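Each chain gets a letter, A, B and so on, in the order the sequences are listed, and its residues count up from 1. The basis for the numbers below is simple: all heavy atoms, side chains too, and nothing from hydrogens, waters or symmetry mates.
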Amino acid sequence: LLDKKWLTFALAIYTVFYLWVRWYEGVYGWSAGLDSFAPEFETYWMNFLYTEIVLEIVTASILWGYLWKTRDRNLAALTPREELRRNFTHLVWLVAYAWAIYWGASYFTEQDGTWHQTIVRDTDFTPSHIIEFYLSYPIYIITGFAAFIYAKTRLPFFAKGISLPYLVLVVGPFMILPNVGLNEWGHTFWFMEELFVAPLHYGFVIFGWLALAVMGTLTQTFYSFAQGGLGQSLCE
Amino acid sequence: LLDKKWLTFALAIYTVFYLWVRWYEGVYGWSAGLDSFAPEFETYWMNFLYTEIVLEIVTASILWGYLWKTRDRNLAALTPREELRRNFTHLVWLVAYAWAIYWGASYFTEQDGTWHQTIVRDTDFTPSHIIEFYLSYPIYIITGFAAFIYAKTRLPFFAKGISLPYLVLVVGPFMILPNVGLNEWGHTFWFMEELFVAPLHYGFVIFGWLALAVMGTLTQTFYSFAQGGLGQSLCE
Amino acid sequence: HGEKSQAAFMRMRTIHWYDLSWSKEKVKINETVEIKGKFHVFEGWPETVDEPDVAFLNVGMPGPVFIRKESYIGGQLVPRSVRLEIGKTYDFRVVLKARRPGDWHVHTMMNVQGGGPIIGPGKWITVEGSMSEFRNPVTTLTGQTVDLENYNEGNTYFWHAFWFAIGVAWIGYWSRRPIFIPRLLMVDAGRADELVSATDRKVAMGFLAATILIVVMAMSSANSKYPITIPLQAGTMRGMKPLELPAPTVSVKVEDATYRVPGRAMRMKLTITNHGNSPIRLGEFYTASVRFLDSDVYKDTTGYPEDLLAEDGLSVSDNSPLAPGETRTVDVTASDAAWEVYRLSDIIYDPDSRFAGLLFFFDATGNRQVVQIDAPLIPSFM
Amino acid sequence: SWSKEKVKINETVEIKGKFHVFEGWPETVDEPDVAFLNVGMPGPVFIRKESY
Amino acid sequence: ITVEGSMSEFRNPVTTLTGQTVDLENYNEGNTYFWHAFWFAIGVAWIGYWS
Amino acid sequence: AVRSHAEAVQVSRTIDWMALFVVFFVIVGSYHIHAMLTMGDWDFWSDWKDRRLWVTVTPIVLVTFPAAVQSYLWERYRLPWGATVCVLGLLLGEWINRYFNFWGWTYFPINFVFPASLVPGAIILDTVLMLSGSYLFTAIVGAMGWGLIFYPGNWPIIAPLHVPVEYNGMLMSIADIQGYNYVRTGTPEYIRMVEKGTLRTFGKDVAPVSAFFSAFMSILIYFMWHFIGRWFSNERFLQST
Amino acid sequence: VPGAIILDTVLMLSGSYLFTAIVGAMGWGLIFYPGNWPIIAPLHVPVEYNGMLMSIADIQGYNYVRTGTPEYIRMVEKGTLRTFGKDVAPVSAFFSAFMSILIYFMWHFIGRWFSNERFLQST
Ligand SMILES: CCCCCCCCCCCC(=O)OC[C@H](COP(=O)(O)OCC[N+](C)(C)C)OC(=O)CCCCCCCCCCC
Ligand SMILES: CCCCCCCCCCCC(=O)OC[C@H](COP(=O)(O)OCC[N+](C)(C)C)OC(=O)CCCCCCCCCCC
Ligand SMILES: CCCCCCCCCCCC(=O)OC[C@H](COP(=O)(O)OCC[N+](C)(C)C)OC(=O)CCCCCCCCCCC
Ligand SMILES: CCCCCCCCCCCC(=O)OC[C@H](COP(=O)(O)OCC[N+](C)(C)C)OC(=O)CCCCCCCCCCC
Ligand SMILES: CCCCCCCCCCCC(=O)OC[C@H](COP(=O)(O)OCC[N+](C)(C)C)OC(=O)CCCCCCCCCCC
Ligand SMILES: CCCCCCCCCCCC(=O)OC[C@H](COP(=O)(O)OCC[N+](C)(C)C)OC(=O)CCCCCCCCCCC
Ligand SMILES: CCCCCCCCCCCC(=O)OC[C@H](COP(=O)(O)OCC[N+](C)(C)C)OC(=O)CCCCCCCCCCC
Ligand SMILES: CCCCCCCCCCCC(=O)OC[C@H](COP(=O)(O)OCC[N+](C)(C)C)OC(=O)CCCCCCCCCCC
Ligand SMILES: CCCCCCCCCC(=O)OC[C@H](COP(=O)(O)OCC[N+](C)(C)C)OC(=O)CCCCCCCCC
Ligand SMILES: CCCCCCCCCC(=O)OC[C@H](COP(=O)(O)OCC[N+](C)(C)C)OC(=O)CCCCCCCCC
Ligand SMILES: CCCCCCCCCC(=O)OC[C@H](COP(=O)(O)OCC[N+](C)(C)C)OC(=O)CCCCCCCCC
Ligand SMILES: CCCCCCCCCC(=O)OC[C@H](COP(=O)(O)OCC[N+](C)(C)C)OC(=O)CCCCCCCCC
Ligand SMILES: CCCCCC(=O)OC[C@H](COP(=O)(O)OCC[N+](C)(C)C)OC(=O)CCCCC
Ligand SMILES: CCCCCC(=O)OC[C@H](COP(=O)(O)OCC[N+](C)(C)C)OC(=O)CCCCC
Ligand SMILES: CCCCCC(=O)OC[C@H](COP(=O)(O)OCC[N+](C)(C)C)OC(=O)CCCCC
Ligand SMILES: CCCCCC(=O)OC[C@H](COP(=O)(O)OCC[N+](C)(C)C)OC(=O)CCCCC
Ligand SMILES: CCCCCCCCCC
Ligand SMILES: CCCCCCCCCC
Ligand SMILES: [Cl-]
Ligand SMILES: [Cl-]
Ligand SMILES: [Cu+2]
Ligand SMILES: [Cu+2]
Ligand SMILES: [Cu+2]
Ligand SMILES: [Cu+2]
Ligand SMILES: [Cu+2]
């Protein structure tokens, strides 16, 4: 069996959900989405924030909780074949994390490289944010943690000591969300324009660099992959 | 024989060539050297740049090439006496490198501390540059590399692994030339004056610090000097 | 010499120099040459340059071939940087004393705090004699007359040679014993404490004490001799009296301006309205150090530089006398080899294709009027 | 002008006058684009009731 | 302000000094696409070669 | 191999002279480039040798090289003249350019383009190092001395250029008149970073305060450049650049 | 793409990271503007637009209104008094080529640190 069809679903959900997200914001940009003090904006964008903030917190607790609850207690007694399967499942988790990273740190963020370049900031909770900062960022942050927790609770060798690179690749990108306070404070205060290369932004840049720990994570995952079923084949 | 009269020539060529260089620029500063758009400036200063840029590239290839071609293949079978000779030859190379460093990083550069303090920058290829940036800097860069290559191909113990200090003392000072892009971009853009302590200049300063690796190079050369014929005498 | 390389549009719209005059063309050593004229700060100051809040009246020359005896903005001396107001007109006067023989290109430039050097027209001045004859006498308030060519030179040399000597002695003292390899081996192989033993420490203490005592005694001696000293005098000078020019009676509107690429001519269409009560006529057009003149109206007698002067470079389609009150539109073409020699046709490479200049209108009685024109400059290729 | 030379506690003293900004402003100081009318005294011995 | 019609009817004609009239809605679009696709193709080939 | 003990000594002597030449000229070149691009402007012009900016910035940016060269030479050979050799090399290069270029190429007077004296500071820095081996002591004390003795060391030279003169109704010093006369086309009067006086300049404390500020800053610069010179004195091998 | 290719080739070709940082970075910085010239070239044709000289790109920016991006925010070449002849593009290219050397040198070690494989056992 090994690598199953869980990866297909992983890529599907994000794509599907994010595809509808673009459709929503695409149909609710102008009109009851432009004016942030209108009554229709609280019904189409204010409600979205609330709803998405609750679901994210709920899902996170459940996902992380369930993953940590079913954690393997007897890792020592784990057959190589089984380990391989778990390694493939963790690779599927990493693929889902990579997909969510792209969507949240590339699309919706540059999808934003546009909204502002067209409309004046009405409030700290504009349509694009109700999509980028508070939906896609928590979604990938959730996936990131999930992947990390799974690797430390299932697969052997990735446990018994938090992996530095993995921790940096899961927390580094997770720090961008809170930095939203920075650029907001940037906008609201220092800087009255729309420059995208302003400092009150290097905050995402600094913690966007921490996503480069994916290289250490992937070599660590390779080593874990090449534990029992590393050969042969490889160097043979 | 040991230390021969190659050192005398080493100090002579640079002095002689640089002495005539000052005479040239001294006779061609004002008149067909001031106006950068005059027809006489392309015959006395534009031609100099071209000519010197070709000779530098040609000589470098030949010098470095020849030095790397006659590299000692059987370093293991090298008598101590012979090694000493090669160490003295490398010390002569280091003396030539030090002389070229002084001429390029002290004289012509401060010789420039003057031209500007007297005339307005006509173009990026003014007389002093046709002497400092594109002649003396490539000359010392050539000597530097030559000295490094010679030490790594002749003398024992300086090979089998690039010497950090030596590499930093040969590449550190070599980075100043390219930084010329910086101060130019400084002048042309940020800064409309003639201040010599401006930032678009710390570029030479940063890579001028890397010439302090000469201390590590010289202690490494001492150790190499005190390999077989280190005594005695020394501590005896 | 330093111009022709700057952007043509910025050279056109920064400072317009006119009424320039040079007292002498050929001078002996120690003789004085006076440069006079007026400069007007353009209202349309390029946004890339800082405003002339801090400006210095400099002179463009190859080194110190001429010493700046005096320099005046208006009627008051200006040895330091001054504040200039955009849109105002000032008259200047620079006095130069010949120091180095040869042929030099003297420019009356202006240095803005953050906008580069604004070089004006340059005139060739010949200096004859010998540099050894140059004298720069100056009387101090202490009651002593000293030459600025060799004052304090001896004293400067002595002190530097004295210290360099001390430094050499220090290094020389330790340089008598073997320096690098045995000391390195001694420091390495086992403990050191043998290369630095008394009386070496005694010598170092003597050196330190002697250095401190010599510095203190030299300061005390330099405080007794020359007991009266003042700090360096510096600071931007405000309140620069501008010229009180009378409002021009001639209004000019620029309706499109074109220049051929490539070419040596600039064409513009002007609607000139003559107010007041006198028949006027366009006689000159100054853009950037280049004067296009209509020989049928005005002739230059101030010895303007030949390479910057166009005797008949200004052509007007209808240059008949303009009756007062009458308004008419004419085509004006300024053509001279100087529009290419000074790279005035290199404004196409500039990121701001706009020009500025001065038009001089003269009446029958000979009195002239200065009006300013600025408009976008559109290149033409086909 | 000073309204009073000797005052009791809680009494009011009024200081009036004119000040002229010199045209030849020293280049070392910034122009009074942002200026505050303060009072020079050793601590809060007098409370600034009003300033005009 | 109410706008009626279709976006496909919009035209933005502009005459250059070179003597040519081009629309600003699709000028250089084809050329822009070609060059980007051309380079992206080269990059893919490079990575593909080692892939 | 070497042959005997006699030859060894001679060969060692020869190497000494050659090594000294290499170290001296490599430092002169680097130091000069560093010195001239961080304080050169003030060291160029007598009318630039003021009491606040020159005295402040020159020792701070001039102690860099001496600190590193001391940290290497003293530690490896017990040779207490790193600061002195750095200062002498900088002075030699500067004087060479002052005479052959500033007064050679162009015709600027020597009494106008003379450099600053830094020997006394170098001496103090070396003595306080040999005398009192601790690098910490030298960084705190010798740096204090280097910063404090700069202006008094140069006072005998610039003193005579500070005599007041009535020049066309305006009060100017001799150095000010020199700068006004000998025209610097690329160096306008406003570029001169010199003491202009503020509203918080109490009495006569410009020279001492600036001197003390430079003395403190030089402590930190020496402390940092000691470790910089240690790193530059490393002797590692790579085997692949 | 061209810069990326040069950076990779000069690395594979010539293994030394030092060489790549000095040469491949030079190539990456220098080939940027020539690589984009075929694309932006056509947008630089001069146009007579209501009496003012504007390029095609300038007219595009003037037309398609960017409410959050005013004309003054545009950090573009405006020309100074120390801009001699035609050297804006080459000098800027050379300045970028030099800066890229330093950035590559620093980010090589940054990537090394990010490629570390240590374990903590307690965050
Ligand atoms: C890992 C943690 C992830 C958790 C994040 C989930 C955030 C949920 C988003 C809140 C929606 C909102 O904003 O509001 C909810 C909106 C209110 O909009 P309305 O004006 O009533 O329009 C009517 C709603 N239509 C226009 C969408 C019909 O209606 C809804 O309920 C319907 C939204 C369902 C979206 C699910 C489709 C996804 C496709 C299949 C992929 C699963
Ligand atoms: C221990 C180290 C931590 C220190 C950090 C503390 C935050 C500093 C707060 C500054 C307040 C101040 O000092 O002054 C506030 C000044 C006053 O300017 P203004 O006259 O109102 O200008 C008016 C211009 N407006 C209208 C646009 C404001 O506004 C500023 O220029 C803000 C400068 C930005 C500083 C924050 C940078 C944060 C770095 C983030 C990169 C990851
Ligand atoms: C390690 C790599 C080093 C390579 C660098 C070499 C750069 C060469 C410089 C280009 C010269 C130039 O600029 O042009 C060449 C000039 C053009 O000038 P002209 O107007 O014709 O005047 C006539 C030339 N006179 C005025 C010099 C006579 O004429 C020449 O050929 C003669 C220059 C020969 C200089 C060699 C003398 C050195 C003394 C002995 C030391 C070897
Ligand atoms: C990953 C890190 C690399 C970052 C480096 C990238 C280069 C930065 C380019 C700045 C462009 C910009 O941001 O704006 C450009 C601003 C706009 O100012 P202006 O209104 O035209 O001022 C007019 C004043 N003139 C007429 C003199 C221009 O000009 C500047 O003030 C330039 C500031 C200098 C920044 C470069 C420092 C390089 C450090 C070198 C030390 C070794
Ligand atoms: C044997 C050991 C005992 C010696 C103790 C020394 C006594 C102090 C002498 C004061 C000088 C003086 O007299 O005044 C100070 C003169 C001012 O001069 P003025 O304008 O005339 O001020 C007249 C006003 N009075 C009359 C009240 C004095 O300069 C200075 O502000 C020096 C400022 C230096 C501040 C930085 C100091 C940092 C210290 C760092 C610690 C290592
Ligand atoms: C090992 C350390 C050795 C230090 C040797 C110091 C020599 C003394 C110089 C006298 C200073 C002077 O005379 O007054 C101060 C003058 C400034 O005067 P001015 O503003 O130019 O006035 C011009 C009119 N003149 C010519 C009369 C001056 O010089 C200075 O600013 C340097 C001040 C540094 C002195 C600090 C010494 C305090 C003790 C150090 C304690 C830890
Ligand atoms: C086979 C090897 C030999 C090739 C040697 C190349 C010859 C040089 C050609 C000069 C170009 C030219 O011609 O001028 C330069 C053109 C200016 O153009 P302009 O306005 O017409 O200037 C006309 C004025 N003239 C007629 C006198 C030329 O651009 C530039 O300023 C380029 C500025 C780049 C400066 C940064 C360089 C940093 C180098 C870094 C080291 C790695
Ligand atoms: C491995 C390295 C490969 C590098 C490949 C370089 C391709 C050559 C491009 C020609 C440049 C040009 O044609 O002129 C310069 C033009 C700027 O022109 P503009 O101001 O926009 O004028 C507009 C009018 N046009 C359309 C006619 C231009 O482009 C540049 O500024 C890039 C300059 C970088 C060239 C540096 C090459 C020097 C050799 C490198 C040595 C170590
Ligand atoms: C608590 C801080 C107060 C200041 C003390 C800091 C000095 C510490 C330096 C240090 O670590 O010791 C190095 C030498 C050791 O030499 P010793 O063999 O201890 O010599 C002792 C005899 N002596 C008094 C003449 C020195 O000893 C010395 O460095 C010299 C000691 C004499 C003090 C004066 C020297 C400095 C002159 C400016
Ligand atoms: C401006 C800042 C000053 C520059 C000083 C930085 C020097 C950094 C040290 C360094 O270069 O590390 C070299 C390693 C490659 O190691 P190796 O080649 O395996 O050498 C084995 C021994 N060693 C690991 C200790 C080096 O890392 C590498 O990948 C090789 C790169 C070497 C480049 C160093 C040359 C610096 C010249 C400017
Ligand atoms: C003194 C500085 C002058 C420049 C030299 C810097 C290059 C140093 C790089 C290095 O450390 O060596 C790595 C390889 C080793 O391969 P080798 O097995 O030595 O191959 C030799 C045959 N060859 C000439 C085709 C290469 O050798 C190479 O890197 C390639 C050598 C060929 C030079 C041209 C390659 C660069 C192309 C842009
Ligand atoms: C923005 C800057 C980039 C962040 C990179 C900084 C990483 C610093 C390295 C580090 O975290 O050290 C961990 C030690 C705790 O050590 P231990 O948990 O005892 O691990 C034993 C092995 N070890 C000592 C080598 C780690 O120190 C600790 O007390 C634990 C703190 C670990 C936090 C690292 C997570 C960084 C995520 C942003
Ligand atoms: C790898 C990221 C793909 C992002 C594609 C995207 O944003 O799609 C939205 C866009 C919307 O434009 P359009 O297709 O015309 O449909 C408009 C519907 N709204 C306005 C809701 C987006 O086009 C599509 O839906 C194409 C489907 C691509 C599947 C990978
Ligand atoms: C890593 C490079 C950081 C350079 C910071 C920068 O570009 O700041 C520009 C800004 C100059 O403000 P400006 O660009 O004129 O802003 C114009 C718009 N307002 C006035 C509203 C802020 O300077 C500051 O306020 C200090 C920045 C501290 C950085 C740690
Ligand atoms: C250690 C660096 C020596 C630099 C000396 C220098 O630049 O010499 C040029 C200068 C030129 O002045 P001068 O001797 O009067 O001859 C003028 C000839 N030109 C104008 C061509 C320089 O003086 C000399 O030629 C003296 C020879 C010194 C030999 C070490
Ligand atoms: C290590 C110290 C670096 C301090 C930088 C500095 O002194 O910059 C002065 C300059 C202030 O410009 P200013 O001196 O007023 O320049 C006047 C001349 N113009 C206007 C032509 C540039 O500030 C900047 O533009 C930012 C420098 C960033 C350094 C990484
Ligand atoms: C800012 C000074 C830092 C100097 C670096 C020294 C590192 C030494 C490691 C062996
Ligand atoms: C500014 C670049 C510094 C990168 C840090 C790398 C540290 C490696 C330690 C193992
Ligand atoms: Cl953002
Ligand atoms: Cl330089
Ligand atoms: Cu946003
Ligand atoms: Cu230069
Ligand atoms: Cu001239
Ligand atoms: Cu004007
Ligand atoms: Cu007043």
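In this structure, B:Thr109 and B:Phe204 have side chains that are not in contact, with every pair of non-hydrogen atoms separated by 4.5 Å or more. At a threshold of 4.5 Å between non-hydrogen side-chain atoms, the residues B:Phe158 and B:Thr221 count as touching. You'll find the side chain of B:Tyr223 reaches within 4.5 Å of the side chain of B:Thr219, heavy atoms only. Side-chain contact check for G:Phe32 versus G:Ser100: every heavy-atom pair is 4.5 Å or farther apart. No side-chain heavy atom of B:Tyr107 sits under 4.5 Å from any side-chain heavy atom of B:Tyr18.
Within the 3.5 Å criterion, the main-chain N or O of G:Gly15 finds no donor-acceptor partner in the side chain of G:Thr20.
Note: B:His90 and B:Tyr166 meet the aromatic proximity criterion, with ring centroids under 6.0 Å apart.
With a threshold of 4.5 angstrom between heavy atoms, B:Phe191 approaches chain G through N, CA, C or O but not through any side-chain atom. Of the atoms belonging to B:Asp122, it is backbone heavy atoms, and not side-chain ones, that fall under 4.5 Å from chain G. Proximity to chain G is limited to the side chain of B:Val171, based on heavy atoms less than 4.5 angstrom apart. Only the side chain of B:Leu167 comes within contact range of chain G, with at least one heavy atom under 4.5 Å from a heavy atom of that chain. Only the side chain of B:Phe207 comes within contact range of chain G, with at least one heavy atom under 4.5 Å from a heavy atom of that chain.
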Stepwise ring pair (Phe, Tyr, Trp, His ring centres under 6.0 Å) test for B:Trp115 and B:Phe108: CA-CA 10 Å; B:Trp115 220 218; B:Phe108 294 118; over 10 Å; no
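With chain G as the partner, the residue from B:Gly203, B:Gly186, B:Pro178 showing the most heavy-atom pairs under 4.5 Å is B:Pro178. Ranked by non-hydrogen atom pairs under 4.5 Å with chain G, the options B:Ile162, B:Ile206, B:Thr188 are led by B:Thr188.
Close approach to chain G, defined as a heavy atom under 4.5 Å from one of its heavy atoms, is seen in no residue of residues 130-148 of chain B.
If you run salt bridge (charged side-chain N to carboxylate O under 4.0 Å, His left out) between B:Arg121 and each of B:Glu184, B:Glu193, B:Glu194, only B:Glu194 comes through.
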